[PDB]
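A look at the structure
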Amino acid sequence: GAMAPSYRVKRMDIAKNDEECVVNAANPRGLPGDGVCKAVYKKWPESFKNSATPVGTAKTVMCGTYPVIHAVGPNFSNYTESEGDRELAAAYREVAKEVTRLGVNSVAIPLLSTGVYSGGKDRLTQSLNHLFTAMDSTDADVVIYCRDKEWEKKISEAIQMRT
Ligand SMILES: [Cl-]
Ligand SMILES: [Cl-]
Ligand SMILES: [Cl-]
């Protein structure tokens, strides 16, 4: 575990992370995809061997010894708000199980279902709160990666609020 487990946020490409493993915002079919998923495919293509997994689950595949945790958030275009909310919470719970199983001291994580799977809605708070629910009981240093300047400020505020 980390000596003083923390949350941090950085506004940069998660493919350039300084953590011991990465969470991919994957699609269920293990396809190269768009956004975070395409950056992850370019950086760690070997990790897409048998990475297909259902919505609401996470499947880890090693790129060398570097773990890529493929976490499949729901696409809110297809799911009801209710069912999507349940699957998004479940995906993060499976990420926490994988991070724990791997014994890493740090993890790089995007906000699941906030980009092309958001169904055109702002889900910063929904996705971040489900991240916290899952990861709060883990002792890994969590580093959240985002691309928008205003999102960085809002995520930083939410982290600092809890102290
Ligand atoms: Cl960057
Ligand atoms: Cl997304
Ligand atoms: Cl963002």
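The notes below deal with the structure included here.

Definitions and limits used
- Residues numbered from 1 in each chain as written, not as in the entry; some residues may be left out.
- Chains lettered and ligands numbered in written order.
- Heavy atoms only, no water.
- 1 Å grid on protein atoms, 1.4 Å probe; cavity = no way out; pocket = protein on both sides within 12 Å on 5 of 7 lines; lining within 4 Å.
- Points joined across faces, edges and corners; volume = space filled by probe spheres on them.
- Helix = DSSP H or I, 4+ residues; strand = E, 2+ residues; numbered from the N terminus.
- Nonpolar A, V, L, I, M, F, W, Y, C, P; charged D, E, K, R; others polar.
- Axes fitted to C-alpha atoms, helices over the stretch in contact; angles between N-to-C directions.
- Parallel < 35°, antiparallel > 145°, perpendicular 65-115°, else oblique.
- Left-handed = near helix turned anticlockwise from the far one by under 90°.
- Contact = heavy atoms within 4.5 Å.
- Salt bridge = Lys/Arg side-chain N within 4 Å of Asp/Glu carboxyl O.
- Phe/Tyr/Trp six-rings, centres within 6.5 Å; stacked < 30°, edge-to-face > 60°.
- Buried < 20%, exposed > 50% of the residue type's maximum accessible area, 1.4 Å probe, protein only.
- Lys NZ or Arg CZ within 6 Å of the ring centre and 35° of its normal.

Structural notes on the layout of surface pockets
- Quantified by volume, the largest pocket comes out at close to 620 Å³.
- Going through the elements one at a time, helix 1 (36-43), strand 6 (141-146) and helix 4 (149-162) are the ones with two or more residues in the lining of the largest pocket.
- Tallying contributions element by element places helix 1 first for the lining of the largest pocket, with three residues.
- Residue composition of the lining of the largest pocket, grouped by class: 16 nonpolar, seven polar and four charged.

Some thoughts on the packing of helix 3 (residues 124-135) against helix 4
- Running from amino to carboxyl end, helix 3 crosses helix 4 at an angle of 40°, the nearest separation of the two axes being 11 Å. By the criterion of interaxial angle, the relationship of helix 3 to helix 4 is oblique. Between helix 3 and helix 4 the crossing geometry is right-handed. Contacts from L124, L128 and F132 in helix 3 reach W151, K154, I155, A158, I159 and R162 in helix 4.
- Along the lines of polarity and charge, the residues of the contact of helix 3 with helix 4 split into seven nonpolar, no polar and two charged.

Details of the pattern of salt bridges
- Tallying each qualifying case throughout the model produces nine salt bridges.
- Residue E81 is joined to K121 by a salt bridge in which the shortest nitrogen-to-oxygen separation is 3.1 Å. Here the residue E81 occupies a position in helix 2 (residues 81-102), and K121 occupies one in the loop between strand 5 (106-110) and helix 3, the gap between them amounting to 40 residues.
- Ionic pairing is found between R86 and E87, a salt bridge with its closest N-O pair at 3.2 Å.

Topic: the packing of aromatic side chains
- Per the stated rule, a full pass over the model turns up three aromatic pairs.
- Here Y7 and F132 contribute two aromatic rings whose centre-to-centre distance is 4.8 Å and whose plane-to-plane angle is 70°, an arrangement assigned as edge-to-face. With a gap of 125 residues between them, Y7 in strand 1 (residues 7-11) and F132 in helix 3 connect regions that are remote in the sequence. Across this residue pair, the class does not change: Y7 and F132 are buried.
- Across from the ring centre of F76, 3.6 Å away, lies the NZ or CZ of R123, which sits over that ring.
- If you follow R162 out to its NZ or CZ, it ends over the ring of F132, 4.0 Å from the centre.

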